[PDB]
Amino acid sequence: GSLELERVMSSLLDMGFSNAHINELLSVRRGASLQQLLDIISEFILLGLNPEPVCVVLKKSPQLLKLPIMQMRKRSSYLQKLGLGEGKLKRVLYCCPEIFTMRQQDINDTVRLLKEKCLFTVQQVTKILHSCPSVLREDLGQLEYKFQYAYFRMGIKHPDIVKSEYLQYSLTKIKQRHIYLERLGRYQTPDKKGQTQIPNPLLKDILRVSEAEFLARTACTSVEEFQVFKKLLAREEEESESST
Amino acid sequence: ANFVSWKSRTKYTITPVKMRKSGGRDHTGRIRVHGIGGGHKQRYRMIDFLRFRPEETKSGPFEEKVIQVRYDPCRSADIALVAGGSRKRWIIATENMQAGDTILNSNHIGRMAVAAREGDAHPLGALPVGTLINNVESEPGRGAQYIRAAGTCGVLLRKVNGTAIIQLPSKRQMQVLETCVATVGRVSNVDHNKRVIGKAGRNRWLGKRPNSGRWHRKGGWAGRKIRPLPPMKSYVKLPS
Amino acid sequence: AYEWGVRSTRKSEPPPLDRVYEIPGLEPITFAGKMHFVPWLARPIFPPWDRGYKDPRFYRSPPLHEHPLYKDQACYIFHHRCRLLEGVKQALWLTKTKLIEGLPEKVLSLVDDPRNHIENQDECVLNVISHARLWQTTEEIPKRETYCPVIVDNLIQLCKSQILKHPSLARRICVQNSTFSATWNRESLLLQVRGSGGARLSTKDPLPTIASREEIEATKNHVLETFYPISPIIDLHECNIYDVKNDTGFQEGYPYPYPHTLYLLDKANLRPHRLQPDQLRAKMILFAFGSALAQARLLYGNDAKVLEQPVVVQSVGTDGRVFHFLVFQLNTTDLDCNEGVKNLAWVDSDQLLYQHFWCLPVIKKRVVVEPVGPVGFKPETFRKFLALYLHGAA
RNA sequence: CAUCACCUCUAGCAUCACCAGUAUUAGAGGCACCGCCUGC
Ligand SMILES: [Mg+2]
Ligand SMILES: [Mg+2]
Ligand SMILES: [Mg+2]
């Protein structure tokens, strides 16, 4: 009793936890075992996460505390194996809190699809996961279609895809903006040699820029015209799925 | 094939043991690793990677005096001959090690950290955080397997609940128990990677044969071909 | 830890026994009656076999603990092949002696006058060196296992020609293939020295004492230097199967019982097989101590006390080019304690008889730079060799 | 063709190759030293 309470507060003091956070960590748990609570806290510290982000992520979701000790230690070994650690895991946690709860093979297929099917470098895979955590939630088939769309139809190579945060954006908005640019003639698909008649607009201009500003910068078309295209493109896409 | 491994000796000794080359051939006799063959003959010097190995009649912390730091052909780093009590054995030398120096080997984990000296062997539970370490082991009694190469050094990132995070030279974190024995400091031959082979002949002196002359269009990205999806199959190549 | 010996090189596990043996009350059918192997029959279990008679060519010794001379306490044996790690410093502690640089004044004063020098001494030593390394054999450059012993036998023979001046050299011989044993304790450590090899100069009269009574009594203030963490018994043959026995090497009645000088030779072609100068002097001290200790025990019994008449034994160790001289005086036989009377040892280190020898002329650009013969010959080195041989006869 | 040099890719580990080795390592490759210039 007393020793269990003494070691919980003592351990958090050793890890640099703030006095307010230590009291909150006791309040965060809902029936969790004391040592099990410490193991979940310590496991996050093992991955290099600072105490301040530790309190924030536990505050949002209490399901992390009520997890088997074996599963998280097995997961944390897998997380560091693929290159996630201090700093990088912080972005993944608040964007994708479901990472710990999701099954291991779901993550394995996602990374293997990038490494084998998409032929992404292991260094590039870690950057994508760190920057774009929506990849894990995304379905494998839709993700694979999104990647090959940029590689073949758009002509974007592997290093540019990782740096430009392409995979995080929705597939639908990519189709709307790219095809409209392609039909406008402003975008030229690279040939077999890779040359283009006209320098294609940079990927940041296409996707990062807002819809209203995107038209003015590159498309040079009015807002009303683009709205009609989206309805036309949606009908073509809807017929495309039914036809195939 | 009638292949018998030369690694048949069962008793440790500091005597250089004659070893026979493989040439990249496995026990079957076929090539399994390419580019290996020939070179100057070498004698293997057995290395005791378990720094904390107290004698049969002794126990606990013990001390060893370095006799000589010499060149080892088998490994990139240099080795040191140390004598503790009535025995002598080979260990992996650190960057700053000379003949006459005294190293300490202990398995004690004190309440507070201790002044870490280069070349000494202490458990990971008694070393200050951030100190460069080398020749680490996964579990107690396993023996040093990581951070062996010349100049390599790990980082004691953190220690929580009897476990410690070790930053490997490949910038990868590893979690092991705090009772693992590690060596303080870097490994010898820091400027080993700064060597210049000079001529193709010196690579044949190290037992490395020239690469195959075939022009391999295959590679990490060139050889492996992403299969185009039927929708994207139309846009793969456009005449120009 | 990492075990030595891969499992492929070890003896394979015997095949699992046939399941017919696991059924009680069932006699297996094996090929033991056919006297040869067949695959469709069970493997018989052969009982252990004994030859039934003693065959020297196929004899197997009993287990080590079954040997009659088996003791739990280990005995560390020092022999000709032992190479001490600390050299002299380790040898001084085992023998409980104090090191004194330089040979004694009395020994060196024998050859101080020109009256005891050999006629044409400088020319005679040069011809001994030249014969050993150039003229000895048909091959141009003889190996060290050939000239190392010869260069020493000739020097002894050269010093043995002074019987004309000193009639007292007719009471000494040179014994080959002589051995000795000596056992003692050093802080509850049973040690034994078994010297062999080299030449043992024997004399009918014991060597006179070197140090006076007051000089011997002044060794009580001296303290032996330690070499922690290295143990004093390192690089020694730790054997549990031994026999504590004192042996001077000769039976009672030998006309030349008292050893005069031990000649040690490092006649090995390979440099690693040759003792280092620090290690060679360590071997000399232990062998000089071992030979002197056997005489003390033979004459004064197997007790442990300060000898009334200390025994002096000389030793000369050479590599064929470098000479080491030792004069060991045994002042006590109670070596268990580190206090009290300690022995004395006069040692000369790294005495070059010649710097280098050219068996062939060095011709550079058709110019003879170095002629055949020794280079850097030091006649002073041979004087020390002559003084030790003339000790006890002048 | 190979070649030092450079560059890419893969791998955090032991009892038959790699290796009785451990990322200053090993393997799969490109190019052909060095020096200058350049991408990012
Ligand atoms: Mg190559
Ligand atoms: Mg090529
Ligand atoms: Mg070429």
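Residues numbered from 1 in each chain as written, not as in the entry; some residues may be left out. Chains lettered and ligands numbered in written order. Part of a larger assembly, values for the part shown. Heavy atoms only, no water.

cryo-EM is the method the PDB entry states for this structure, with the resolution given as 2.9 Å.

Caption draft 1: Representation of the interface of chain B and chain C. At the interface, 23 residues of chain B touch 17 residues of chain C. Counting the surface lost from both chain B and chain C, the interface buries some 1500 Å², and carbon and sulfur atoms represent 63% of this. Between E86 of chain C and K65 of chain B there is a salt bridge, and its shortest N-O distance comes to 3.9 Å. On inspection of chain B and its partner chain C, the count reaches 6 residue pairs in polar contact. Those elements that place two or more of their residues in the side of chain B that touches chain C are β3 (62–70) and β5 (87–92) of chain B. Top element by residues in the side of chain B that touches chain C is β3 of chain B. It accounts for 4 residues. (Contact = heavy atoms within 4.5 Å. Buried area = accessible area lost by both parts, 1.4 Å probe. Salt bridge = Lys/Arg side-chain N within 4 Å of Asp/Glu carboxyl O. Polar contact = N/O pair within 3.5 Å; in protein donor to acceptor, adjacent residues only side chain to side chain. Helix = DSSP H or I, 4+ residues; strand = E, 2+ residues; numbered from the N terminus.)

Caption draft 2: Region of interest: the sheet that holds strand β11 (residues 343–352) of chain C. Residue and element names in this part refer to chain C. The mixed open sheet is built from 7 strands, whose spatial order is β2-β11-β10-β9-β8-β6-β3. The two strands at the open ends of the sheet, each matched to only one other strand, are β2 (97–101) and β3 (172–176). When the angles between neighbouring strand axes are averaged without regard to direction, this sheet yields 20 degrees. The pairing of β2 with β11 spans 5 bridges and is parallel. (Pairing = 2+ DSSP bridges. Axes fitted to C-alpha atoms, helices over the stretch in contact; angles between N-to-C directions.)

Caption draft 3: Structural context of the packing of helix α3 (residues 34–46) of chain A against helix α5 (residues 69–81) of chain A. Residues and elements named next belong to chain A. Contact pair α3 / α5: the axes reach a minimum separation of 10 Å and the direction vectors enclose 5 degrees. Judged on the interaxial angle alone, α5 and α3 are roughly parallel. Every residue of α5 that contacts α3 at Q36, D39, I40, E43 and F44 is listed here: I69, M72, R73 and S76. Among the residues making up the contact of α3 with α5, the classes are represented as 4 nonpolar, 2 polar and 3 charged. (Parallel < 35°, antiparallel > 145°, perpendicular 65-115°, else oblique. Nonpolar A, V, L, I, M, F, W, Y, C, P; charged D, E, K, R; others polar.)

Caption draft 4: Broad picture of the nonpolar core. In this structure, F17, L58, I99, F100, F120, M154 and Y166 of chain A are the most contacted members of the largest nonpolar core, which totals 78 residues. No other element matches the 7 residues that helix α10 (residues 140–154) of chain A contributes to this core. The residues touching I99 of chain A, leaving out its near neighbours within four places in the chain, are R75, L79, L84, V92, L93, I107 and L136 of chain A. Listed in part, the 45 residues of the second largest apolar core include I129, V152, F357 and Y389 of chain C. (Core = buried A, V, L, I, M, F, W, Y, C linked by side-chain atoms within 4.5 Å. Buried < 20%, exposed > 50% of the residue type's maximum accessible area, 1.4 Å probe, protein only.)

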